[PDB]
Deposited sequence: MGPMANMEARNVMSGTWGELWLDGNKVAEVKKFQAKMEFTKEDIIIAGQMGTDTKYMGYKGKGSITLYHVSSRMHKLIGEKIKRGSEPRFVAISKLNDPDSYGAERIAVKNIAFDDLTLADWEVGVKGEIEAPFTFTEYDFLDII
């Protein structure tokens, strides 16, 4: 409905291709904190928090090291997913880039399960772009 979803694609950590994507679903949410800002006297758009689930496979053997380097630098890792949209005609686009993705609960062992198997994880995101316009 107001939920976006997609199937095949790729997951990236900066310039590194780190997994393939089987599917995703995402929803945008109005929070009370966003409601306060939009009501400020002194200004028709509103901030939003993105949340979803994504299913990953063919995880890179380099994920362990890439995450360790993020921790060393002090930077929580932020990803990009590219995926084939469901119902592309409704969007006027065939693919989506879901950006600034955070995985609050994915562990090193979860990444491990996704090398030879598949892993479904919740995620948050803050922006997106439509790709392959039609």
Q | Regions of the deposited sequence not represented in the model | A | 1 to 9, 53 to 54
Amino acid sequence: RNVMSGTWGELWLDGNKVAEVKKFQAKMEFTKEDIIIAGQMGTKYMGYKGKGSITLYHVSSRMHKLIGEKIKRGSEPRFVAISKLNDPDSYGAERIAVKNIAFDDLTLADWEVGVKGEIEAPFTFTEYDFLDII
From here on, numbers count along this sequence of modelled residues.
Q) Quick one: higher average CA temperature factor, 1 to 9 or 123 to 131? A) 1 to 9
**Q.** Mean Cα B-factor comparison, 47 to 55 or 100 to 108, giving the higher one as deposited
**A.** 47 to 55
Q. So among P88, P77, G74, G68, who wins on Cα B-factor in the entry?
A. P88
**Q.** Lowest, middle or highest third - CA B-factor, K17
**A.** lowest
Q: Rank-wise, by C-alpha B-factor, drop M63 into the lowest, middle or highest third of its chain.
A: middle
